[PDB]
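Residue numbers (PDB author numbering), protein chains in the order written: chain A, 3 to 182, 206 to 357; chain B, 3 to 182, 206 to 357; chain C, 3 to 182, 206 to 357; chain D, 3 to 182, 206 to 357. As structure tokens, the structure follows; a few thoughts come after it.
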Ligand SMILES: Cc1cc2cc3c(=O)[nH]c(=O)nc-3n(C[C@H](O)[C@H](O)[C@H](O)COP(=O)(O)O)c2cc1C
Ligand SMILES: Cc1cc2cc3c(=O)[nH]c(=O)nc-3n(C[C@H](O)[C@H](O)[C@H](O)COP(=O)(O)O)c2cc1C
Ligand SMILES: Cc1cc2cc3c(=O)[nH]c(=O)nc-3n(C[C@H](O)[C@H](O)[C@H](O)COP(=O)(O)O)c2cc1C
Ligand SMILES: Cc1cc2cc3c(=O)[nH]c(=O)nc-3n(C[C@H](O)[C@H](O)[C@H](O)COP(=O)(O)O)c2cc1C
Ligand SMILES: O=C(O)C(=O)Cc1ccccc1
Ligand SMILES: O=C(O)C(=O)Cc1ccccc1
Ligand SMILES: O=C(O)C(=O)Cc1ccccc1
Ligand SMILES: O=C(O)C(=O)Cc1ccccc1
Ligand SMILES: [Mg+2]
Ligand SMILES: [Mg+2]
Ligand SMILES: [Mg+2]
Ligand SMILES: [Mg+2]
């Protein structure tokens with residue numbers, strides 16, 4: 003594999019069509035799914051030259067701990083759909099690569115099993131109808147050693163997945179929600218923040234004033250995201266709001282972004298627009314589908330090489346230097 | 003049907019080619035027909051998160067009465083071209099869905115028959131050569147219980163419909179103007218406004234100063250519209266003028282928009298740009314062609330679900346909240 | 003024929019490929035040829051409604067005389083390439099339509115023969131190496147009753163016509179320059218202006234300061250033009266400079282535009298951007314090729330209908346009103 | 003050959019696929035390779051008319067000596083890949099055309115042999131791990147009569163050439179680095218500047234502040250360049266930074282540009298955006314592949330004719346006049 007696109011081709015070959023569609027699809031007309039890629043392709047970096055690259059490092063510190071790359075594995079539900087080892091294969095490879103892994107509320111292996119793999123597990127929360135049950139799930143994650151609560155805030159309900167409707171897609175009997206819903210509000214965020222000392226990261230923020238309110242609410246971070254184009258069809262790409270959100274946040278929390286990251290150059294673009302780190306979703310599942318744990322390892326090694334390559338070519342010895350790069354929008 | 007595009011495919015299958023072309027076509031090179039869709043596809047919404055969605059409602063009040071959605075059926079002439087029940091099938095489904103139905107001056111069933119279906123009938127006026135006859139038509143509509151006069155102001159004459167010319171299209175002998206023309210001016214508007222206590226809504230306004238003059242003239246509303254691309258070829262899309270017109274009108278009348286609405290997300294976009302409500306034309310006829318009254322019912326149920334979905338995903342419990350959403354233009 | 007594009011198809015059928023290429027082609031990569039069309043397609047008009055259209059007229063006054071439309075036939079050399087009657091067929095149809103006809107320096111029928119057709123003949127000048135010969139040609143045109151001298155200023159030499167080079171195209175022995206070259210300068214303009222009381226119109230101006238200098242030099246008009254994409258490849262379209270040039274000229278001369286006019290709507294766009302009138306080149310030759318004099322008559326009747334249609338749909342009873350229309354750029 | 007694109011077709015016919023790919027390819031997704039062409043195609047020139055063209059000249063003075071065109075042959079490694087005479091064929095043709103030739107550090111014929119051809123040889127430096135060896139290479143070039151040191155500053159290492167990886171491309175045994206690496210820094214630039222009285226030209230500058238620092242560092246020139254899209258994938262095109270860099274440099278050094286020059290019109294565009302001169306890479310190798318020395322001669326004669334044509338059509342008797350042209354961005 004010499005690009006993440008190689009892995010997409012390999013996963014399309016192996017997966018059943020309706021499972022590939024569950025993974026690849028977005029909501030509605032897929033306008034936001036496509037725009038996530040359009041937006042990154044319009045960004046060009048202005049690289050710097052002639053800087054010291056003696057000790058180029060892609061490492062970052064986030065939520066108190068070192069990560070090997072400015073990247074984490076996005077929460078993607080039901081990973082046993084893609085490979086029999088599911089979440090355990092992905093979490094093992096992430097651990098070995100030094101990348102945080104976000105455990106899903108709708109994981110097909112229990113959160114305690116996945117946390118026992120080790121590494122840096124985060125936990126993605128969906129709000130349950132029942133504050134008490136929601137908080138018990140947060141407490142389970144904390145007791146199991148997860149380091150952050152990634153509270154998904156853009157799913158009052160699931161978007162309209164027209165591929166799934168047309169395919170009549172349903173979970174196989176052999177895939178279940180191994181950890182076993207209502208719209209979340211700012212009151213739900215406060216209940217979580219009061220229940221845990223872990224950093225609470227709000228995933229799915231796109232409006233500048235919601236990013237400011239997230240800091241005011243005590244969030245340790247946000248993920249600027251349109252949920253990979255799977256929720257509101259026509260939601261702006263996170264990448265297009267990132268710069269304005271980073272300016273409004275004034276360092277008050279970590280600002281991550283996701284949606285459409287398909288290379289180390291895309292990581293560099295996100296960093297140059299001000300992201301602390303990115304999440305990567307579909308490509309990790311492609312690698313899982315194509316070759317299990319070893320596939321995910323290869324993907325993360327390829328992404329690490331691409332990130333190091335892009336940083337050094339752009340004159341950046343550290344991720345902080347990359348955040349100080351300027352960019353210019355082009356036409357594609 | 004899981005999208006309005008499903009219905010377009012179904013109507014193309016059933017209708018004779020020249021009737022599909024009469025419905026689908028625009029004037030000239032169809033630049034404005036295409037631009038109506040281009041414009042909506044360039045708009046992206048910035049959704050809000052974590053708001054109370056306990057009681058999401060798509061209802062609005064307009065011209066004194068409640069409507070179930072921020073939408074009405076646009077005036078489309080000669081609906082018996084598309085289905086034997088024509089206007090009665092559409093008006094029955096609109097009534098049952100809680101959506102106003104605009105009766106045409108060139109309806110193929112008389113306006114009194116269509117008004118007798120019930121619901122919320124509006125009446126679309128074309129100016130007749132003869133003030134007295136024009137006003138008698140307004141009086142008929144009022145006597146029959148129509149709630150608003152939608153005065154079409156962008157047809158001094160019909161545009162150049164090159165599909166119709168190339169097809170040699172003419173009305174079948176079995177379709178007639180069952181209610182049975207000169208360019209309208211501001212004097213014509215004043216004559217209508219003085220003749221009726223119903224709100225007069227000027228349909229086909231695109232210039233900001235014409236929107237201001239409409240308020241000064243006593244209009245209760247305007248429809249920002251290029252007539253679905255069927256009149257001036259190269260007229261700007263209504264959606265591209267809507268924000269500037271809403272700012273200039275300062276709440277002085279209702280501001281509707283039409284042209285290219287093909288989903289509940291498109292309704293959300295129009296609302297976010299400031300529209301009070303939208304009109305929907307061609308998709309309603311697709312549903313009529315495909316399956317008569319039941320087809321139109323299914324279309325309106327699908328649109329209601331899409332509007333509720335898009336509003337809630339965007340953090341909006343009411344249409345007023347949706348009007349306060351911000352937007353960002355993209356590239357497609 | 004219901005559009006000018008119908009005539010293009012008819013002319014491609016009848017003409018020999020290398021003559022169609024001589025007519026259709028531009029210089030170099032044809033970037034400016036394509037951009038002339040791209041530019042018009044990006045312009046959208048903001049029409050006005052509810053204005054008095056009792057007496058819509060497409061007439062203009064230019065260089066002291068009435069024309070039936072805001073249009074003249076552009077200078078196109080060697081019209082016998084396209085039809086045996088060549089320039090006489092075109093000039094007869096232009097006369098009958100009330101449209102000025104620009105006689106070429108490189109006409110395949112003598113300028114005195116073409117002027118004898120009547121109508122409103124203008125004369126397009128190329129500067130000869132020899133001031134005295136150039137001025138004698140101007141004097142011939144004046145003696146023959148031409149009403150304006152259209153001095154082409156964008157041909158210090160012919161551009162690189164790669165279609166012609168690849169085709170090995172040369173004039174047939176039966177086509178000659180029936181009136182029988207050096208780069209023109211501002212001194213050449215002054216020599217012409219001093220030699221004739223006819224208005225001198227500089228054709229091929231694109232820079233704002235050249236338009237200002239043209240007024241200072243005593244020009245009666247300019248044609249904002251990149252020579253139909255046939256001279257500098259990569260020259261900006263005239264339509265993209267027109268508004269800035271009209272503002273800089275402050276009414277000091279007539280400002281015409283050409284390049285890519287393919288409909289009455291395009292005429293309206295040019296007028297709305299501030300042009301006094303347009304020139305039309307290739308479409309007139311298409312009509313000549315397809316059907317001789319009668320073809321050109323049909324073209325001009327079609328253009329007259331399209332111009333009247335577009336003006337009235339846009340609320341304009343006169344060309345002056347059309348010049349006061351606003352426009353908005355779109356994406357196509 | 004009537005365009006540079008003719009030569010590209012001829013070279014694709016003759017070269018082995020993997021050598022054509024080595025020549026044509028870029029890094030990563032080739033976003034910057036494509037954008038180099040997109041950027042030039044978006045630029046339109048505003049030509050001037052009616053200026054004296056008695057003595058049009060394409061000559062420039064650069065680094066103290068006259069060149070026949072505002073162009074030099076870019077450094078392209080291993081030219082024996084394309085033709086058995088390699089660098090000697092290209093340098094002979096460049097000499098005969100009056101164009102400087104940049105000798106590569108990775109030339110397949112020794113720099114002393116190529117300099118002995120005569121003409122105006124420049125020398126492109128890659129920094130060696132070893133200041134002393136780097137400076138000895140600079141001294142060899144100077145001793146052999148090279149006139150400028152073109153220090154490539156955008157290669158801390160080679161970019162990711164996915165065509166080469168997929169092809170398994172390697173140098174044939176019969177091609178070697180006949181002159182026989207570490208990241209360069211500003212200290213490396215100072216070591217070169219102190220070692221030679223030749224002008225030092227930094228190639229691969231894209232950031233405005235790096236251009237300013239280059240002047241402060243004593244560079245005699247810079248090449249605004251993304252290395253033909255072969256280094257950072259997603260680096261901005263040089264052409265898009267050129268105007269801002271020329272303004273920041275305030276005449277303090279020569280400002281060249283490269284990437285995607287495919288015609289004399291493209292040379293004119295670069296000049297109008299403020300470049301002192303351009304470099305041309307791939308087209309020179311196409312000509313070498315297609316027909317050896319004579320091919321390169323034909324290419325340079327064609328480019329000279331296109332540059333003279335474009336300059337005169339744009340009203341420019343000198344390259345300095347062309348630099349004073351204005352431009353307008355379009356859509357393509
Ligand atoms: C099949 C699939 C399931 C989920 C389930 C979840 C989820 O239960 N909770 C959550 O909070 N986000 C999810 N997501 C979004 C994900 O976390 C990233 O937001 C996007 O995948 C980023 O875009 P890509 O890198 O995929 O372009 C999903 C994405 C995909 C493709
Ligand atoms: C076949 C057809 C006939 C009519 C006849 C009329 C009419 O006698 N009076 C009027 O005032 N508007 C009309 N219209 C325009 C309509 O009311 C809406 O302006 C557009 O259909 C909105 O765009 P879509 O939703 O169709 O894109 C028509 C639209 C179509 C397609
Ligand atoms: C075959 C052909 C010959 C000539 C010869 C001349 C000419 O001897 N003198 C002149 O001054 N302009 C010319 N022109 C340009 C013309 O006058 C108009 O500038 C463009 O045709 C406007 O663009 P279209 O309407 O064609 O798009 C020509 C255009 C075409 C196509
Ligand atoms: C096969 C190939 C090898 C080299 C090797 C070098 C090099 O050892 N040192 C250097 O400093 N630049 C190089 N370059 C870049 C070149 O000098 C110009 O920057 C681009 O070719 C300009 O773009 P095009 O004119 O090609 O679009 C190369 C370009 C090509 C195509
Ligand atoms: O991504 C999916 O569809 C899932 O299976 C989990 C889920 C469910 C509803 C909304 C978002 C994610
Ligand atoms: O839409 C049409 O073509 C109609 O049948 C009614 C009509 C007629 C003329 C202009 C606008 C609408
Ligand atoms: O258009 C042409 O090519 C002609 O035949 C006349 C001409 C010649 C040179 C430049 C412009 C027009
Ligand atoms: O262009 C190439 O790939 C070369 O052969 C020389 C080279 C090597 C590494 C970076 C830039 C140029
Ligand atoms: Mg991503
Ligand atoms: Mg609509
Ligand atoms: Mg024209
Ligand atoms: Mg180049």
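Every residue, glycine too, gets a C-beta built ideally from N, C-alpha and C.
_Measuring only from the beta carbon, is residue 77 (chain A) closer than 7 Å to any heavy atom that is part of ligand 1?_
Here residue 77 (chain A) refers to the residue found at position 75 when the first chain is read from its first residue. It does: the Cβ of residue 77 (chain A) is within 7 Å (strictly closer) of some heavy atom of ligand 1.
*In angstroms with no decimal places, state the Cα-to-Cα distance between residue 19 (chain D) and residue 25 (chain D).*
Position 17 of the fourth chain holds residue 19 (chain D). Position 23 of the fourth chain holds residue 25 (chain D). Residue 25 (chain D) has its alpha-carbon roughly 10 Å from the corresponding atom of residue 19 (chain D).
_Taking 8 Å as the threshold (beta carbon to beta carbon), is residue 310 (chain D) in contact with chain A?_
As a position in the fourth chain, residue 310 (chain D) is number 285, starting the count at 1. Chain A contact via Cβ: absent.
*In three-state terms, what does DSSP make of residue 124 (chain B)?*
Along the second chain, read from residue 1 onward, the residue named residue 124 (chain B) stands at position 122. Reduced to three states, the DSSP call for residue 124 (chain B) is strand.
*Identify each residue in the segment 223-241 of chain A for which the Cβ-Cβ distance to at least one residue of chain B is less than 7 Å, and report them in chain order.*
Here the close residues are 229, 230, 231, 232 and 235.
*Exposed unless 16 or more other CB atoms sit within 10 angstroms - verdict on residue 258 (chain D)*: As a first step, residue 258 (chain D) is located in the fourth chain; it is residue number 233 there, counting from the start. It is buried - the Cβ of residue 258 (chain D) has at least 16 other Cβ atoms within 10 Å.
*Select from D:321, D:262, D:274 and D:348 the residue whose C-alpha is nearest the C-alpha of residue 47 (chain A).*
Along the first chain, read from residue 1 onward, the residue named residue 47 (chain A) stands at position 45. Per the Cα distances, D:262.
*Is the closest heavy atom of ligand 9 to the C-beta of residue 284 (chain A) under 7 Å?*
Your numbering for residue 284 (chain A) matches position 259 in the first chain. In this structure, ligand 9 has a non-hydrogen atom nearer than 7 Å to the beta-carbon of residue 284 (chain A).
*Go through the segment 79-107 of chain D residue by residue and report every complete run of the beta strand (DSSP E) that reaches 3 residues or more, in order.*
Counting only runs of 3 or more, we get 103-105.
*Check whether the Cβ of residue 303 (chain A) sits closer than 7 Å to any heavy atom of ligand 9, and report yes or no.*
Indexing the first chain from 1 puts residue 303 (chain A) at position 278. Result yes, Cβ under 7 Å from ligand 9.
*residue 255 (chain B): beta carbon under 7 Å from a heavy atom of ligand 2?*
Counting from 1 along the second chain, the entry for residue 255 (chain B) is found at position 230. Checking every heavy atom of ligand 2 against the Cβ of residue 255 (chain B), one is found closer than 7 Å.
*Along chain D, in chain order, which residues have C-beta atoms closer than 7 Å to that of residue 260 (chain C)?*
Counting from 1 along the third chain, the entry for residue 260 (chain C) is found at position 235. Those are 46, 47 and 49, listed as they occur along chain D.
*asked:* Can you confirm whether residue 215 (chain C), when its beta carbon is compared against all beta carbons of chain D, has any partner nearer than 8 Å?
replied: Stepping through the third chain from its first residue, residue 215 (chain C) is reached at position 190. For residue 215 (chain C), no Cβ of chain D is located within less than 8 Å of the residue's own Cβ.
*Beta-carbon separation of residue 95 (chain D) and residue 318 (chain D) under 8 Å?*
In the fourth chain, the residue the question calls residue 95 (chain D) occupies position 93. In the fourth chain, the residue the question calls residue 318 (chain D) occupies position 293. At a Cβ-Cβ threshold of 8 Å, residue 95 (chain D) and residue 318 (chain D) count as neighbours.
*asked:* Please report the straight-line C-alpha distance between residue 218 (chain C) and residue 65 (chain C), rounded to a whole angstrom.
replied: Counting from 1 along the third chain, the entry for residue 218 (chain C) is found at position 193. Counting from 1 along the third chain, the entry for residue 65 (chain C) is found at position 63. So the two alpha carbons sit approximately 15 Å from each other.
*Euclidean distance between Cα positions of residue 183 (chain A) and residue 213 (chain A)*: Residue numbering in chain A jumps from 182 to 206; residue 183 (chain A), which lies between, is not modelled.
_Let me see if you follow: with CB-CB separation under 8 Å, is residue 30 (chain D) close to chain A or not?_
For the purposes of this step, residue 30 (chain D) is taken as the residue at position 28 of the fourth chain. Cβ-Cβ to chain A under 8 Å: yes for residue 30 (chain D).
_Cross-chain neighbours of residue 131 (chain A) in chain B, by beta carbon under 8 Å_ = As a working mapping, residue 131 (chain A) is identified with position 129 in the first chain. Those do not exist, as residue 131 (chain A) stays about 12 Å from chain B at its closest Cβ, beyond 8 Å.
*7 Å Cβ cut-off: residues of chain B touching residue 290 (chain C)*: Along the third chain, one-based indexing puts residue 290 (chain C) at 265. Taking the beta carbon of residue 290 (chain C) as reference, the chain B residues within 7 Å of it are 30, 258 and 259, listed in sequence order.
*Using DSSP with H/G/I as helix, E/B as strand and the rest coil, what is residue 218 (chain C)?*
As a first step, residue 218 (chain C) is located in the third chain; it is residue number 193 there, counting from the start. The answer is helix: DSSP assigns residue 218 (chain C) an H, G or I state.
*Assuming residue 302 (chain B) contacts residue 72 (chain B) under a Cβ cut-off of 8 Å, what Cβ separation, rounded to an integer in Å, is found between them?*
Working through the second chain from its first residue, we reach residue 302 (chain B) at position 277. Working through the second chain from its first residue, we reach residue 72 (chain B) at position 70. Indeed they touch by this definition, with Cβ atoms about 4 Å apart.
_Considering only their Cβ atoms, is the gap separating residue 232 (chain D) from residue 49 (chain A) smaller than 8 Å?_
Counting from one through the first chain, the residue named residue 49 (chain A) turns up at place 47. Counting from one through the fourth chain, the residue named residue 232 (chain D) turns up at place 207. In this structure, residue 232 (chain D) lies closer than 8 Å to residue 49 (chain A) by Cβ.
*asked:* In chain order, what are the residue ranges of uninterrupted beta strand (DSSP E) at least 3 long that sit wholly in the segment 294-320 of chain A?
replied: Listed in chain order, the complete beta strand (DSSP E) runs (minimum 3 residues) inside the segment 294-320 of chain A are 302-305.
*Does the distance from the CB of residue 125 (chain D) to the CB of residue 226 (chain D) come in under 8 Å?*
Along the fourth chain, one-based indexing puts residue 125 (chain D) at 123. Along the fourth chain, one-based indexing puts residue 226 (chain D) at 201. Going by C-beta atoms, residue 125 (chain D) is not nearer than 8 Å to residue 226 (chain D).
*List the whole-angstrom C-beta distance separating residue 180 (chain C) from residue 110 (chain C), where the pair is believed to meet the contact cut-off of C-beta under 8 Å.*
Your numbering for residue 180 (chain C) matches position 178 in the third chain. Your numbering for residue 110 (chain C) matches position 108 in the third chain. That pair is a contact at about 6 Å.
*Would you check if there are 3 or more beta carbon pairs closer than 8 Å linking the segment 84-92 of chain D to the segment 325-337 of chain D?*
Of all C-beta pairs linking the segment 84-92 of chain D to the segment 325-337 of chain D, fewer than three are shorter than 8 Å, placing the two stretches out of contact.
*State the start and end residues of the unbroken beta strand (DSSP E) segment that holds residue 63 (chain D).*
In the fourth chain, counting from the first residue as 1, residue 63 (chain D) sits at position 61. It spans 62-64 - the beta strand (DSSP E) in which residue 63 (chain D) sits, taken as one unbroken run.
*C-alpha distance - residue 349 (chain D) paired with residue 297 (chain D), whole-angstrom precision*: Locating residue 349 (chain D) in the fourth chain gives position 324, counting from the first residue. Locating residue 297 (chain D) in the fourth chain gives position 272, counting from the first residue. Our two residues, residue 349 (chain D) and residue 297 (chain D), have alpha carbons roughly 6 Å apart in a direct line.
*asked:* Let me confirm a value: residue 104 (chain B) is counted as buried when at least 16 other C-beta atoms fall within 10 Å, else exposed. Which label applies?
replied: For this step, residue 104 (chain B) is matched to residue 102 along the second chain. Buried, because 16 or more other Cβ atoms sit within 10 Å of the Cβ of residue 104 (chain B).
*Determine the direct distance from the alpha carbon of residue 315 (chain B) to that of residue 290 (chain D), and round the result to whole angstroms.*
Translated into the one-based positions of the fourth chain, residue 290 (chain D) becomes position 265. Translated into the one-based positions of the second chain, residue 315 (chain B) becomes position 290. Cα-Cα distance, rounded: 55 Å.
*Going by DSSP, what residues sit across from residue 246 (chain D) in a beta bridge?*
Sequence index remark: in the fourth chain, residue 246 (chain D) carries index 221 (1-based). D:226 and D:279.
*Which residues in chain A sit within 9 Å of residue 356 (chain B), going by Cβ to Cβ distance?*
Within the second chain, residue 356 (chain B) is the residue found at index 331, counting from 1. The contacting residues are 37, 40, 41, 44, 356 and 357.
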